[PDB]
Amino acid sequence: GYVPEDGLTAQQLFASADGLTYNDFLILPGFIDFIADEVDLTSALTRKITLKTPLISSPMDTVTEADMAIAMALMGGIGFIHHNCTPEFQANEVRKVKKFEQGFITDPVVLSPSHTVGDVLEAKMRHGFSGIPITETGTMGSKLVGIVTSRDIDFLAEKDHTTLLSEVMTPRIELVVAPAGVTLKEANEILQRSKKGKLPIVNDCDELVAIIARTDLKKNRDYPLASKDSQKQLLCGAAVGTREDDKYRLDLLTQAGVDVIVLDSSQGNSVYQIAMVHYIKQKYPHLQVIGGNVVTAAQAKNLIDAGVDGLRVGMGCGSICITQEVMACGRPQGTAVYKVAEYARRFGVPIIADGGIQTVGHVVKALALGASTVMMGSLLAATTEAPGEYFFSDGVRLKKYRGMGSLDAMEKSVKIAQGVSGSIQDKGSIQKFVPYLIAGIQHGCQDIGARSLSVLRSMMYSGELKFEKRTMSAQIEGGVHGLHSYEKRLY
Amino acid sequence: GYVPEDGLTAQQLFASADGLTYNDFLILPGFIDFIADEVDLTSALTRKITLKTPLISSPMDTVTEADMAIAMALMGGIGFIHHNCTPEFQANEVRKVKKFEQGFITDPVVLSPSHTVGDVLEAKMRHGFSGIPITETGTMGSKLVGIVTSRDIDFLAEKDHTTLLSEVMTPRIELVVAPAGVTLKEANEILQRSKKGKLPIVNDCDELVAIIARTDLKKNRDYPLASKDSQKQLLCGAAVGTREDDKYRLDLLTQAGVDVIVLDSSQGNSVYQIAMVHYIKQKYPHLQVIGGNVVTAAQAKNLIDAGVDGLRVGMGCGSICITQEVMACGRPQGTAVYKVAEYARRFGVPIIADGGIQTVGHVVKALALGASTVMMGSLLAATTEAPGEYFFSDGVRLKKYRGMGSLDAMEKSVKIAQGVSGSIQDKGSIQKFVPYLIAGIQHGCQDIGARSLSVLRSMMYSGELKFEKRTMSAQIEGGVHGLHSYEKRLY
Amino acid sequence: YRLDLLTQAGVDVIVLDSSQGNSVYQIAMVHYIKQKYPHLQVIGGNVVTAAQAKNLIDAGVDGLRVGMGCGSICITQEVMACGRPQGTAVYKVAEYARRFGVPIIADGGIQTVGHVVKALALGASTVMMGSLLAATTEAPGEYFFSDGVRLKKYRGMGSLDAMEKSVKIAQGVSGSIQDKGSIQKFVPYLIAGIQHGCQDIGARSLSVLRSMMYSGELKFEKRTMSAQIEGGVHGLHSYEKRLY
Ligand SMILES: Nc1nc2c(ncn2[C@@H]2O[C@H](COP(=O)(O)OP(=O)(O)OP(=O)(O)O)[C@@H](O)[C@H]2O)c(=O)[nH]1
Ligand SMILES: Nc1nc2c(ncn2[C@@H]2O[C@H](COP(=O)(O)OP(=O)(O)OP(=O)(O)O)[C@@H](O)[C@H]2O)c(=O)[nH]1
Ligand SMILES: Nc1nc2c(ncn2[C@@H]2O[C@H](COP(=O)(O)OP(=O)(O)OP(=O)(O)O)[C@@H](O)[C@H]2O)c(=O)[nH]1
Ligand SMILES: Nc1nc2c(ncn2[C@@H]2O[C@H](COP(=O)(O)OP(=O)(O)OP(=O)(O)O)[C@@H](O)[C@H]2O)c(=O)[nH]1
Ligand SMILES: Nc1ncnc2c1ncn2[C@@H]1O[C@H](COP(=O)(O)OP(=O)(O)OP(=O)(O)O)[C@@H](O)[C@H]1O
Ligand SMILES: Nc1ncnc2c1ncn2[C@@H]1O[C@H](COP(=O)(O)OP(=O)(O)OP(=O)(O)O)[C@@H](O)[C@H]1O
Ligand SMILES: O=c1[nH]cnc2c1ncn2[C@@H]1O[C@H](COP(=O)(O)O)[C@@H](O)[C@H]1O
Ligand SMILES: O=c1[nH]cnc2c1ncn2[C@@H]1O[C@H](COP(=O)(O)O)[C@@H](O)[C@H]1O
Ligand SMILES: O=c1[nH]cnc2c1ncn2[C@@H]1O[C@H](COP(=O)(O)O)[C@@H](O)[C@H]1O
């Protein structure tokens, strides 16, 4: 009949202990009754935002600009766009993420019939797309007079300069349309049946109110996980500081349509951060705030009291970071995640485990310890979507990976540095790499016997999930060992 | 007035000498009267094939399958598909290169109205495209009854299994068509004006004779340099051996539509190779033959007498090669290229400089010494289009790079190994990397004062082009030296 | 426009910065300067042959910069096949340019004060240093550490990181150099080294050194690679290279 109890509960693992890292422990295997592919990875980012994937790209200038944030959101994670740039640059990166996928396009590029083929080529150069509805004024609210696309300007070579759009358009008599007040699903069925690539939406006065594009329905079927708002735009996060000038940056990011703000700090338990959370929650009540760089429940209390919608957890972990060796201050990250999540769950506040995520097994550990999402810096650095360009050193394709408190960065791009300006080897695309992390998380949960990240956390808090501590020699034994050379071909 | 003569002519450089490599000499700078961008790189591959770029991907299993050959041809070079594979696999790689861009598609995928949406999706799965004309037989020469594309099957969810194409097609009453005997230029005008993505070509009996696709006109404007045959398909090369069973491989490659054959040997001056050249030139008189890895004029004579249309130059150079330390036999590559090209030019036979090309300066040297084209192995290995998958070893993104006499290749992938089965760090895409090599060749020619590769070779043979020989310490001084670390960020 | 700003800021000499100065573009710029600013000294100059030097001396340059593809940071030879071994270039161009009274600057590949004495002996009137003065205190930018070593950046002006306004081909490689201290101590060390080189040679000045070289009084010996080993630091376990 009976079998004895084996391993520690999480409450036991952190009680009789020094601060553990992810490397200091294993999760004991459970019972498998399900397929890894059926493991649900649905994740709370904040009180009101849910992601289909637990994964976040960190707000760093060598990790997250618009290409990373688009790719993360398409993979069912999110990106937070970094703030080591002008307020206007950051708002433009946010605008790029929000424009990439659209339901109703309500603020399209529009031209007059008095504009020219060269104005459509300049529009395509400046905004990326050729499909431009034509209205009497060349402003959105006028009577629809036609539609111009790349197939209409295709191979009209050097006629750019003075060819008026009127003779180039598909004229309004010829175009398929939907009435205003059509639902997105009804407009999609009209567009799908029409076999056209645009469907203009016009009111009873025959003037343009929105347009929809077939490329968004293609993006729909291409990206089943994608993190979208109610109007089917990709979710975007952005960082801001807690200085007075961050109020201007915050206003630019909110009119760019940012969904969630992260307050970027080494040590978020401050009068400056509590003041910024209160300022945001009064001025932009719709806006989700991750106020958050904490490692203790005492810090978490003050930000949850200030009204944060999520917390970022970690201090002095993080591959690029030297905060612990400069300020003495921080915590071992597994202990921090467990302590802060066990407290913050009482208030319904989700936890982001930030920094020190070197492997997909560290992601599964962070999630098992009570994180609702995991934020990666270096693990996503030197992907193709990460900012900047590759170079070669001793014989190796490398990309920069900076740290936002490195004294390269800061400098308006005595000053105390908290980071160290690294290099990282090439990883390829986020659109292949994040599906690998997803499958790794799913197989980790499967070996543990958890059908979802929600049941994984419930097994952890009930004490059904068992842990074993590792000696240093268990960390050697659990790594690659005894070989001459090896080829770590992940995915 | 007068200025004294400075440096050696090529004839002097190779006369009073040991065998020189590309590293052993420099070209002296000339006069610049032109922009590097106006340097013409037009190159003879063989007696009848001219490329817009001097660049060739080598027939190796870690370098050239169809993705590399497509990318090389699009960049105005060519790829030779390797032969360390079944005859049927190699011919299917050649078929993929020949199908990627089309003028008239005269052998399209066709279906019957009695086929289904599921048959169109399965056709798209096999061949990569959804644009399928419908004929009442579902075979090419028959009455056109409609056209089906991805916009016709788009967002039909699970209706695949039994929905007949008849009710899915654009019917023949609605479709824009051109008459048979229309020129490609005339069909392109009809297609461009129609704003459609296909244009079927039909005879007076209203049965399908060809089709054309707008995506080929897009590929036209996207790829100005592309190496195309008369019917606008990409040029493809293939390797073959000189064994009796290579006659079967050659028949498969010729019906797959290969444009040029390279006879793959370490030492091409053999009765076996001369017999294979004679066999090809009698059985396939249209087919271009590059014979001969040769390094002497005496070897070149026998293959030019056999009737080769081009020669490969190199023996025992090549990053992967160990022929010299296994057979004692070969030549320093700069000397070999100069000697063989100075002989072969008398017969109008172009030279491929093959192997030992580590840098774009080595390309400019090979071209200056009389090569009409340059073939690269390792320089194109670990591009994205190179066969196989990336791995990590020393914290470095690597791809395998094998060699064809290596002992891992000769297992159908006493045997004597002539190569060494190694690895190369990631390079990114051919479609970015070959424009960098092109621009580097152009700036090399510009510093030399040559407006084209044709005038560069004429300056070399007349003695206008001057060379200086390098000590080992000049090779140190000419490299990166005296630094602690460096970042070789090419392009 | 840049030239007009530099001339009203009071610049004394302009250097025309190119990999390969024997061009219609450079000869046109030399003519433009010599008519618009007749007071202004022009070093039009990145040459390695007498044929290149002729066209710039005919254009009216007041000095030539000599060197191509030498230079610690440089990859021009391995990107363009084009250049010359620097000792040969300096001697060839100086033996020609002295006929016209045009001084030569030997530029790049100067690693040691002995290379300065060789460049001056071979007919250079001045020597230009990049990397030998990089990571002095007066060199632009800030020190960092990597391998437990105090380093300053040293870029190359055809680095793709110098380009991008700090297809676009690179001619240089974005390196690092170890700290050297101040120019105001380091250049007096180079001066003393040049003076002792001249003294061991028996030359009382750089003018007599060049005259001894052109008359054939100054004698040279070629070195095998093993002479370049024997003439270096060799056969020790470790050493401290404490210059000055
Ligand atoms: N035009 C447009 N329609 C969309 C977009 N996203 C979803 N839709 C429409 O809304 C429908 C609902 O899609 P769902 O799959 O249920 O959920 P979703 O999160 O909206 O879309 P997925 O990203 O595919 O999961 C789709 O079938 C489309 O008809 C979009 O970006 N643009
Ligand atoms: N056309 C258009 N697309 C927009 C606009 N704003 C965002 N988008 C998005 O950009 C994408 C447009 O894709 P396509 O419809 O393929 O672009 P296109 O209009 O065909 O233009 P080309 O790709 O240049 O031929 C969709 O995902 C749109 O939602 C806008 O103003 N106009
Ligand atoms: N359908 C089709 N038409 C083509 C193709 N290649 C060229 N054409 C047509 O032939 C014309 C001539 O093109 P050119 O630019 O003169 O020379 P090319 O070598 O054929 O094409 P490029 O590859 O662009 O240089 C183009 O404008 C097209 O109308 C192709 O692959 N398919
Ligand atoms: N459709 C079609 N294209 C072919 C065929 N053989 C080669 N091709 C080439 O494949 C490309 C087809 O491109 P598209 O016209 O964009 O493909 P599509 O038919 O629209 O199908 P989807 O891309 O799946 O929607 C062109 O470059 C064609 O020349 C064939 O049998 N049918
Ligand atoms: N709603 C519409 N009704 C009628 N015609 C339209 C409509 N939308 C676009 N068109 C016209 O249809 C043609 C194709 O445009 P469409 O948006 O469908 O594809 P496209 O994006 O331009 O094609 P492609 O992807 O091949 O580049 C053009 O002539 C365009 O003006
Ligand atoms: N020659 C033609 N005449 C009339 N209709 C056509 C013709 N060729 C294609 N069609 C129809 O036009 C619609 C669009 O097909 P088309 O080839 O032009 O674009 P597509 O490649 O399918 O579009 P997309 O690139 O957006 O996926 C489909 O309904 C198709 O059946
Ligand atoms: O300069 C810095 N000093 C301290 N912490 C930093 C700095 N820059 C970024 N971080 C943190 O490091 C995390 C990324 O760590 P990583 O995933 O281990 O590489 C970020 O999300 C930040 O929390
Ligand atoms: O195994 C081998 N032994 C000898 N030569 C080889 C072998 N495999 C390929 N080569 C040659 O090496 C050339 C590529 O050299 P690379 O460009 O320097 O890497 C090829 O095009 C062949 O001529
Ligand atoms: O990017 C570059 N490519 C080529 N030559 C350069 C570049 N940048 C500087 N140089 C040359 O290198 C010289 C300095 O060489 P160094 O003293 O050996 O370090 C400079 O004075 C220039 O002539």
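Reconstructed Cβ throughout: ideal geometry from the backbone, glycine too, with neighbour counts over all protein chains shown. Every number here is computed from the coordinates shown, using simple stated rules; none is lab data.
Non-local amide H neighbours of B:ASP264 (under 5 Å, H modeled in plane, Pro and chain starts lacking H): which ones?
Here B:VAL240, B:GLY241 satisfy the definition.
About its Cα centre, how strong a charge dipole does chain B have in debye, to the nearest 20, once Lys and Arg get +1 and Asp and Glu get -1 at the Cβ?
On the way: 51 positive and 54 negative charges, 96 e Å.
It comes to approximately 460 debye.
Quick one: which residues, 5+ away or cross-chain, put their amide H under 5 Å from the amide H of A:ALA210? H built at 1.01 Å from N.
The list, which skips near neighbours in sequence, is A:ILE201.
Charges only on Cβ, +1 for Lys and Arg, -1 for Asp and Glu: so what's the dipole of region B:80-169 about the Cα centre, in debye to the nearest 20?
Details: 9 positive and 12 negative charges, 60 e Å.
About 280 debye.
Which shape class applies to region A:427-478: rounded if a/c is under 1.5, otherwise prolate when a/b exceeds b/c and oblate if not, where a ≥ b ≥ c are the square roots of the Cα gyration tensor eigenvalues?
On the way: a/c = 3.20, a/b = 1.22, b/c = 2.63.
Because a/c hits 1.5 or more and a/b fails to exceed b/c, region A:427-478 counts as oblate.
Each residue of region B:177-192 in turn: what ³J(HN,Hα) in whole Hz from Karplus with 6.51, -1.76, 1.60 and θ = phi - 60°, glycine and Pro shown as x?
Result, rounded to whole Hz: 9, 10, x, 4, x, 4, 6, 4, 4, 5, 4, 4, 4, 4, 4, 5.
Please say if chain C is rounded, prolate or oblate, where rounded means a/c under 1.5 for a ≥ b ≥ c the square roots of the C-alpha gyration tensor eigenvalues, and otherwise the choice is prolate for a/b larger than b/c and oblate otherwise?
Details: a/c = 1.63, a/b = 1.15, b/c = 1.42.
Oblate, since a/c reaches 1.5 and b/c is not below a/b.
If you wrap a convex hull around the alpha carbons of chain A, what volume per residue comes out, as a whole number of Å³?
Numbers: hull volume 96.7 nm³, N = 491.
Looking at chain A, the number lands at 197 Å³ per residue.
Post the alpha-carbon centroid distance, region C:211-244 to region A:224-245, in whole angstrom.
About 65 Å separates the Cα centre of region C:211-244 from the one of region A:224-245.
Using just the helices of the protein assembly as shown, give the 222 nm mean residue ellipticity in deg cm²/dmol: DSSP H runs with n ≥ 4 each add -39,500 (n - 2.57), and the total is spread over all residues, rounded to 500.
Working: 41 runs with 408 residues, N = 1226.
Computed ellipticity for the protein assembly as shown at 222 nm equals -10000 deg cm²/dmol.
With label points built 7 Å along Cα→Cβ from the Cα atoms of A:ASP305 and A:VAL271, find their separation and express it in nm.
Going from the A:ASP305 label point to the A:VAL271 one covers 1.5 nm.
Send over the per residue convex hull volume for the protein assembly as shown, Cα only, as a whole number of Å³.
Once divided by residue count, the hull of the protein assembly as shown is 243 Å³.
Sort A:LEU74, A:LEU379 so the one with the fewest other Cβ atoms within 10 Å of its own Cβ comes first.
A:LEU74, A:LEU379
Which cross-chain or sequence-distant (5 or more) residues have an amide H under 5 Å from the amide H of C:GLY71, H modelled 1.01 Å from N in plane?
The answer is C:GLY109.
Mind checking which of A:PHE89, C:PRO103, A:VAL63 is farthest towards the positive end of the protein assembly as shown's charge dipole, using Cβ charges of +1 (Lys, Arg) and -1 (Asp, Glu) about the Cα centre?
Ranked along the dipole, the leading option is C:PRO103.
What is the distance in Å between the Cα centres of region A:3-48 and region A:287-328?
Rounded to whole Å, the Cα centres lie 22 Å apart.
Size of the dipole of the protein assembly as shown about the Cα centre, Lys and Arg at +1 and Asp and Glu at -1 on the beta carbon, nothing else charged, in debye to 20?
Details: 127 positive and 127 negative charges, 295 e Å.
About 1420 debye.
Got a sec to turn the phi values of region C:195-211 into Karplus ³J(HN,Hα) couplings, 6.51 cos²θ - 1.76 cosθ + 1.60 with θ = phi - 60°, whole Hz, x for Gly and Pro?
4, 6, x, 4, 4, 4, 6, x, 9, 6, 7, 5, 4, 5, 3, 5, 5
Take B:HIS115, B:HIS484, C:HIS234 and order them by how many other Cβ atoms sit within 10 Å, fewest up front. Kindly include the intermediate steps, with their values, before the conclusion.
Working: B:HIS115 20, B:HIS484 15, C:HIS234 8.
Fewest-to-most ranking of B:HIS115, B:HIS484, C:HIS234: C:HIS234, B:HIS484, B:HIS115.
To the nearest Å, what is the center-to-center distance of region A:104-121 and region A:380-423, using C-alpha atoms only?
Here the answer is 39 Å between Cα centres.
With a point put 7 Å past each Cα toward its Cβ, work out how far B:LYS48 is from B:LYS218 in nm, to one decimal.
The answer from the label model is 3.4 nm.
Classify region A:200-358 from the C-alpha gyration tensor, please: rounded if a/c falls under 1.5, else prolate or oblate depending on whether a/b exceeds b/c. Write out the running numbers ahead of the final one.
On the way: a/c = 2.49, a/b = 1.87, b/c = 1.33.
Note, shape of region A:200-358 comes out prolate.
Can you tell which of B:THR296, B:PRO224, B:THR242 lies farthest toward the positive end of the dipole of region B:191-309, using +1 and -1 charges on the Cβ of basic and acidic side chains (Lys, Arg; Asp, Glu)?
Value computed over the given set: B:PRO224.
Taking a spot 7 Å from the Cα of A:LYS143 along the direction of its beta carbon, which residues of region A:192-232 have an amide N less than 16 Å from it?
A:202-209
Write down the Kirkwood hydrodynamic radius of region A:109-210, to one decimal in angstroms, obtained as one divided by the mean of 1/r over all alpha carbon pairs.
On the way: mean 1/r = 0.0721 Å⁻¹.
Evaluated on region A:109-210, it is 13.9 Å.
Say the dipole of region C:132-212 comes from +1 at the beta carbon of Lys and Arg and -1 at that of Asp and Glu; which of C:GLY141, C:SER159, C:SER205 then lies farthest toward its positive end?
C:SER205
Residue by residue through region A:436-446, which ³J(HN,Hα) values in whole Hz follow from phi under the Karplus form 6.51 cos²θ - 1.76 cosθ + 1.60 (θ = phi - 60°), with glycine and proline marked x?
5, 4, 4, 5, x, 4, 4, 5, x, 4, 4
Sorting A:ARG402, B:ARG470, B:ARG172 on the 10 Å Cβ count, fewest up front, what's the list? Could the numbers behind the result be given before it?
Working: A:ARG402 26, B:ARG470 22, B:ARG172 18.
Ordered by Cβ neighbours within 10 Å, fewest first: B:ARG172, B:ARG470, A:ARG402.
With each label point set 7 Å from Cα along the Cα-Cβ vector, what nm distance links A:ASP40 and C:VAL187?
Spacing of the two 7 Å Cα→Cβ label points: 7.5 nm.
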